[PDB]
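Colleague: Going down the list, the protein sequences come from chains A and A'. A prime marks a further copy of an entry chain.
Counting from 1, one number per residue, gives the positions in the first sequence under PDB author numbering.
Counting from 1, one number per residue, gives the positions in the second sequence under PDB author numbering.
For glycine and all other residues, C-beta sits at the position ideal for the given N, C-alpha and C.
2 protein chains.
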Amino acid sequence: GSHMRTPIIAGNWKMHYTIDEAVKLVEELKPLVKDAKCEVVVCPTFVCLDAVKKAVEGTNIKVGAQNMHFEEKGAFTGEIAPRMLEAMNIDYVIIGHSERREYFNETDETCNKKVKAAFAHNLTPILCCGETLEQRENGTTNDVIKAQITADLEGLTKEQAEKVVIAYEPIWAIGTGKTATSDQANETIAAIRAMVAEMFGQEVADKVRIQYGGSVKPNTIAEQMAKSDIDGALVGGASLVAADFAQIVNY
Amino acid sequence: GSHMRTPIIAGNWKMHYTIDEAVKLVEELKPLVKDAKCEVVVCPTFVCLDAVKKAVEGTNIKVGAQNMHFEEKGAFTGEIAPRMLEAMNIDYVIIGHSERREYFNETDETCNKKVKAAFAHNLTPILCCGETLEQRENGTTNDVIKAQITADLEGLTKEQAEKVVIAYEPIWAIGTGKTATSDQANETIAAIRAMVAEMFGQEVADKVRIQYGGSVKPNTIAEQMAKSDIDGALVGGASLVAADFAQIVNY
Ligand code: NA
Ligand code: NA
Ligand code: NA
Ligand code: NA
Ligand code: NA
Ligand code: NA
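1) Is it the case that the region 221-238 of chain A contacts the region 137-157 of chain A, given that we only count it when at least three CB pairs across the two stretches are under 8 Å?
2) Check each candidate in A'/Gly78, A'/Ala87, A'/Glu72 and A'/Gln66 and name the one with the smallest Cα separation from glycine 78 of chain A.
3) So which residues touch the region around ligand 1, with touch meaning a C-beta under 6 Å from any heavy atom?
4) With the cut-off set at 8 Å, would you say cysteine 38 of chain A' and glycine 232 of chain A' are in Cβ contact?
5) In this structure, does DSSP put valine 40 of chain A in helix, strand or coil?
6) If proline 170 of chain A sits next to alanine 151 of chain A, beta carbons under 8 Å apart, how far is it from one beta carbon to the other, in whole angstroms?
7) Can you give the Cα-Cα distance for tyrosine 103 of chain A and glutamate 102 of chain A', rounded to whole angstroms?
8) Tell me whether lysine 227 of chain A, by its Cβ, gets closer than 7 Å to a heavy atom of ligand 3.
9) Determine the burial state of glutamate 57 of chain A: buried for a count of at least 16 other Cβ atoms within 10 Å of its Cβ, exposed for fewer.
10) Please check if any C-beta of chain A' sits within less than 8 Å of the C-beta of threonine 45 of chain A.
11) If you draw a straight line from the alpha carbon of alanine 81 of chain A to that of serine 2 of chain A', how long is it in whole angstroms?
12) Distance cutoff 8 Å, beta carbons only. Does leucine 25 of chain A sit that close to anything in chain A'?
13) Within the 8 Å Cβ cut-off, does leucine 127 of chain A reach chain A'?
14) Between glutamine 66 of chain A and chain A', is the shortest Cβ-Cβ distance under 8 Å, so that the two count as touching?
15) Could you check whether the Cβ of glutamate 99 of chain A sits closer than 8 Å to any Cβ belonging to chain A'?
16) Would you say the region 160-179 of chain A touches the region 113-129 of chain A, given that touching needs at least three Cβ pairs under 8 Å?
17) Exposed or buried, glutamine 211 of chain A, counting other C-beta atoms within 10 Å across all chains shown (16 or more means buried)?
18) DSSP beta-bridge partners for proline 125 of chain A?
19) Mind listing which residues of the region 75-89 of chain A' have their C-beta closer than 9 Å to chain A's C-betas, in chain order?
20) Measuring only from the beta carbon, is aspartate 231 of chain A closer than 7 Å to any heavy atom that is part of ligand 3?
21) Is any beta-carbon of chain A found at less than 8 Å from that of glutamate 131 of chain A'?
22) Step through the CB atoms of chain A and report whether any lies within less than 8 Å of the CB of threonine 18 of chain A'.
23) With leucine 49 of chain A and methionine 88 of chain A assumed to form a contact (beta carbons below 8 Å), what rounded beta-carbon distance in angstroms separates them?
24) Does the distance between the C-beta of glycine 177 of chain A and the nearest non-hydrogen atom of ligand 2 fall short of 7 Å?
25) Span of the beta strand (DSSP E) holding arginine 5 of chain A'?
26) What three-state label does DSSP hand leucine 153 of chain A' in the structure shown?
27) Which of the residues in the region 231-249 of chain A', read from start to end, lie with their CB under 9 Å from any CB of chain A?
28) Ignore the nearest five residues each way along the sequence and tell me which others in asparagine 142 of chain A's own chain have a CB closer than 7 Å to its CB.
29) Are the beta-carbon atoms belonging to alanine 238 of chain A' and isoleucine 248 of chain A' less than 8 Å from one another?
30) Would you mind reading off the limits of the alpha helix (DSSP H) that contains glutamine 66 of chain A'?
31) Would you say the beta carbon of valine 216 of chain A is closer than 7 Å to some non-hydrogen atom of ligand 2?
32) Out of curiosity, what's the CA-to-CA distance linking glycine 11 of chain A' and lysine 62 of chain A'?
33) Excluding sequence positions up to five away, which residues of its chain have a Cβ less than 8 Å from the Cβ of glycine 155 of chain A'?
34) Would the beta-carbon of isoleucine 145 of chain A' fall within 8 Å of that of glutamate 131 of chain A'?
35) Thinking C-beta only, is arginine 193 of chain A' closer than 8 Å to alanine 205 of chain A'?
36) State the Cα-Cα distance for the pair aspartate 183 of chain A' and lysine 14 of chain A', rounded to the nearest angstrom.
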């Protein structure tokens with residue numbers, strides 16, 4: 001609150017929308033978010049990135065990719081190199097989303113390589129972290145997330161670390177009758193800030209933006225953003241509907 | 001030889017080239033392959049697909065994606081849906097490349113779901129298969145590949161099966177002092193054709209195109225294509241250089 005940290009609301013569209021559908025959504029969004037009091041990012045699928053970035057030129061809407069590889073080029077069929085995003089002037093890249101850690105063998109080692117590559121290619125990484133139902137139930141939330149942060153941010157300079165955007169995903173709450181409370185979210189996010197401080201020092205911790213990446217809807221965002229350590233939101237399904245995403249942006 | 005099977009040479013660019021670099025390569029390629037005696041496919045990265053497909057309009061150059069997911073849409077951060085490729089009028093999709101099976105948890109179960117989705121979305125699948133050094137050394141090549149073919153092509157109709165393009169990758173030879181010989185390639189490819197026959201019947205086996213997907217260079221293609229059961233090539237690094245790829249196409 002006392003510390004200056006520009007809030008950031010990023011929409012993770014996940015696997016949704018053709019090129020024309022993607023452009024139609026950002027066209028709808030433009031007049032609804034022109035007065036945002038936060039940074040605004042939309043993250044379309046790879047095949048839509050060029051069209052979406054070109055469509056939002058002249059506005060405050062930034063664009064993120066949903067993943068990338070860490071090498072410059074090479075024998076990685078199906079993968080997208082950081083330089084391919086950089087050539088499109090993409091602003092952000094999501095790294096370590098729970099869905100990629102679960103289904104596609106994303107490891108902490110590859111996350112770390114990707115975060116470093118982001119900085120080498122004028123991309124700001126949105127590093128996702130978070131614990132499972134079983135890890136939370138066993139009381140290991142902070143140990144698990146500390147292990148992710150330690151490994152994923154290894155080797156960064158202070159100047160790089162303070163530019164990372166960290167998104168906390170409460171995987172434990174995915175698919176249940178109750179979402180994390182704003183207090184639960186804030187407590188774990190404050191812990192993450194403490195992990196950053198221990199690694200990079202107090203000034204870096206004071207500056208790093210940390211988003212909540214559990215369920216975010218128009219009716220939850222005001223309470224979430226009022227919390228002491230929450231700097232924004234990595235929004236899932238609500239990001240797919242222009243009016244709903246704009247409500248979250250205009251919290 | 002007696003059986004009519006249109007030969008097909010497909011260039012797998014893997015993780016190479018920005019949008020402008022990709023378009024420059026296909027522009028160079030167009031006059032060099034206009035007289036091809038085979039089907040010609042280039043497979044750029046996802047972010048390049050729209051630009052490349054638009055650039056090759058009016059020519060014989062078809063375009064393939066290097067991967068896709070199997071669902072229509074959903075919570076699969078970083079993934080590309082079949083309908084996103086279909087909306088760009090993409091022609092082919094590579095499924096089950098060894099690099100994705102090794103690094104990104106591609107399983108036979110997901111390969112099967114992707115092959116079925118290809119047919120549901122006007123995409124022709126290029127299904128990759130092949131055995132490791134250890135599997136070949138243990139004499140299990142055909143058992144291993146049969147397991148892949150059985151699982152990956154499960155549930156197709158005869159009409160769908162005969163349209164699959166199967167690419168045999170001799171993973172066992174990747175990174176060694178000697179590539180597979182043309183005879184070794186042809187023998188395993190003939191075995192794959194027999195696997196198809198046992199699953200779908202003789203007519204389907206007689207029609208299915210089976211490519212070799214080990215090392216293919218301008219100086220190897222003539223011998224490879226002269227073999228009894230080899231219908232084409234899934235080309236790696238040589239596909240990155242217009243003149244080299246054109247030499248392979250014009251075998
Ligand atoms: Na709590
Ligand atoms: Na919530
Ligand atoms: Na806040
Ligand atoms: Na042999
Ligand atoms: Na060879
Ligand atoms: Na032949």
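Modeller: With the given structure in hand:
1) no
2) Walking along the first sequence from the start, residue 78 of chain A turns up at place 78. Ranking the options by Cα distance to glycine 78 of chain A, first place goes to A'/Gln66.
3) A/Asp183, A/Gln184 and A/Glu187
4) Looking up residue 38 of chain A' in the second sequence gives position 38. Looking up residue 232 of chain A' in the second sequence gives position 232. For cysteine 38 of chain A' and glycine 232 of chain A', yes; Cβs fall inside 8 Å.
5) Position 40 of the first sequence holds residue 40 of chain A. Strand, per DSSP.
6) If you number the first sequence from 1, residue 170 of chain A lands on position 170. If you number the first sequence from 1, residue 151 of chain A lands on position 151. With a Cβ gap of about 20 Å, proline 170 of chain A and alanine 151 of chain A do not count as contacting.
7) Position 103 of the first sequence, counting from 1, holds the residue named residue 103 of chain A. Position 102 of the second sequence, counting from 1, holds the residue named residue 102 of chain A'. For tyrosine 103 of chain A and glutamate 102 of chain A', the distance between alpha carbons rounds to 13 Å.
8) In the first sequence, residue 227 of chain A corresponds to position 227, counting from 1. Answer for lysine 227 of chain A: yes, Cβ within range of ligand 3.
9) Translated into positions along the first sequence, residue 57 of chain A becomes position 57. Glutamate 57 of chain A should be labelled exposed.
10) As a position in the first sequence, residue 45 of chain A is number 45, starting the count at 1. Closer than 8 Å: yes.
11) Numbered from its first residue, the first sequence carries residue 81 of chain A at position 81. Numbered from its first residue, the second sequence carries residue 2 of chain A' at position 2. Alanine 81 of chain A and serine 2 of chain A': Cα-Cα distance of roughly 44 Å.
12) Within the first sequence, residue 25 of chain A is the residue found at index 25, counting from 1. By this cut-off, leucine 25 of chain A is not an interface position.
13) On the first sequence, residue 127 of chain A is found 127 positions in, with the first residue counted as 1. Chain A' contact via Cβ: absent.
14) Mapped onto the first sequence, residue 66 of chain A falls at position 66. So, interface residue.
15) Position 99 of the first sequence, counted from the start, is the residue given in the question as residue 99 of chain A. Judged by the 8 Å Cβ criterion, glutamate 99 of chain A is in contact with chain A'.
16) yes
17) Along the first sequence, read from residue 1 onward, the residue named residue 211 of chain A stands at position 211. Result: buried.
18) For this step, residue 125 of chain A is matched to residue 125 along the first sequence. Partner(s): A/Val93.
19) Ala75, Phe76, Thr77, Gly78, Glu79, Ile80, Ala81, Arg83, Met84, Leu85, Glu86, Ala87 and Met88
20) Counted from its first residue, the first sequence places residue 231 of chain A at position 231. Yes, the Cβ of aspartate 231 of chain A comes within 7 Å of a heavy atom of ligand 3.
21) Position 131 of the second sequence, counting from 1, holds the residue named residue 131 of chain A'. No, because no Cβ of chain A sits closer than 8 Å to the Cβ of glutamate 131 of chain A'.
22) Here residue 18 of chain A' is taken as the residue at index 18 of the second sequence, counted from 1. Yes, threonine 18 of chain A' lies at the interface with chain A (some Cβ there is under 8 Å from its Cβ).
23) Mapped onto the first sequence, residue 49 of chain A falls at position 49. Mapped onto the first sequence, residue 88 of chain A falls at position 88. Rounded, the Cβ-Cβ distance is 6 Å, consistent with contact.
24) Indexing the first sequence from 1 puts residue 177 of chain A at position 177. Flag unset: Cβ of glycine 177 of chain A not near ligand 2.
25) For the purposes of this step, residue 5 of chain A' is taken as residue 5 along the second sequence, with counting starting at 1. It is not in any beta strand (DSSP E) - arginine 5 of chain A' carries neither H nor E in the DSSP assignment.
26) For this step, residue 153 of chain A' is matched to residue 153 along the second sequence. Coil at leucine 153 of chain A', not helix or strand.
27) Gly236 and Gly237
28) Here residue 142 of chain A refers to the residue found at position 142 of the first sequence. Excluding sequence neighbours, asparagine 142 of chain A sits near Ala191.
29) For the purposes of this step, residue 238 of chain A' is identified with residue 238 of the second sequence, where counting begins at 1. For the purposes of this step, residue 248 of chain A' is identified with residue 248 of the second sequence, where counting begins at 1. Yes, they are a contact pair.
30) Residue mapping note: residue 66 of chain A' aligns to position 66 of the second sequence, counting from 1. Unbroken run through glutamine 66 of chain A': none, as it is neither H nor E.
31) Here residue 216 of chain A corresponds to residue number 216 of the first sequence, with the count starting at 1. Under cutoff, so the answer is yes.
32) Indexing the second sequence from 1 puts residue 11 of chain A' at position 11. Indexing the second sequence from 1 puts residue 62 of chain A' at position 62. Roughly 10 Å between the two C-alpha positions.
33) For the purposes of this step, residue 155 of chain A' is taken as residue 155 along the second sequence, with counting starting at 1. For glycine 155 of chain A', where only same-chain residues beyond five positions count, the Cβ hits under 8 Å are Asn112 and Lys116.
34) Here the question's residue 145 of chain A' lines up with position 145 in the second sequence. Here the question's residue 131 of chain A' lines up with position 131 in the second sequence. Going by C-beta atoms, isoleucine 145 of chain A' is nearer than 8 Å to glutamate 131 of chain A'.
35) Counted from its first residue, the second sequence places residue 205 of chain A' at position 205. Counted from its first residue, the second sequence places residue 193 of chain A' at position 193. Yes, Cβ-Cβ distance for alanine 205 of chain A' and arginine 193 of chain A' is below 8 Å.
36) Looking up residue 183 of chain A' in the second sequence gives position 183. Looking up residue 14 of chain A' in the second sequence gives position 14. Answer to the nearest angstrom: the Cα atoms are 27 Å apart.
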